[PDB]
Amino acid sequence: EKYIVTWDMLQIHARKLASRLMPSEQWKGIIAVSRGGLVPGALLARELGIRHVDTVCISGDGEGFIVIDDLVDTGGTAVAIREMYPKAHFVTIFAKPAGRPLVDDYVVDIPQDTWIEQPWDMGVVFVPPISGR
């Protein structure tokens, strides 16, 4: 019940999201939710050729701005974004069921009780064999 997101896979998902976001010229900018959306944001910015990357922290119109986070679950962040950026295009990479109807787009379905680990919280490390033989 643990979902491992490797860097390569994250990048594959982000490129899929970026192609759906084409043409790039419809967008003025990218706003990354600190800090889960920072990496997915950098990835969109690279693929869409958008240099205007901003961050917003959560403890303005927004039309033509992509607002990105890594995951939607409850949708609390999605709600909070709408306060200052009600016309923004809110997207995430991953979505759990309750958050699915609260985003403008997402790439991968994740079940509610699955724990997803993001690659910035992981590393390549020695792992003992499954069998002591």
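All residue numbers are counted from 1 along the displayed sequence.
Gap check for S59 to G60: 10 or more deposited residues are absent from the model.
If you average the C-alpha B-factors over 50 to 58 and over 85 to 93, the higher value belongs to 50 to 58. For the pair 18 to 26 and 109 to 117, the mean Cα B-factor is higher in 109 to 117. Of the candidates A98, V67, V39, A45, the deposited coordinates give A98 the top C-alpha B factor. Sort the chain's modelled residues by C-alpha temperature factor and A78 lands in the middle third, per the entry. When all modelled residues of the chain are sorted by CA temperature factor, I31 is found within the lowest third.
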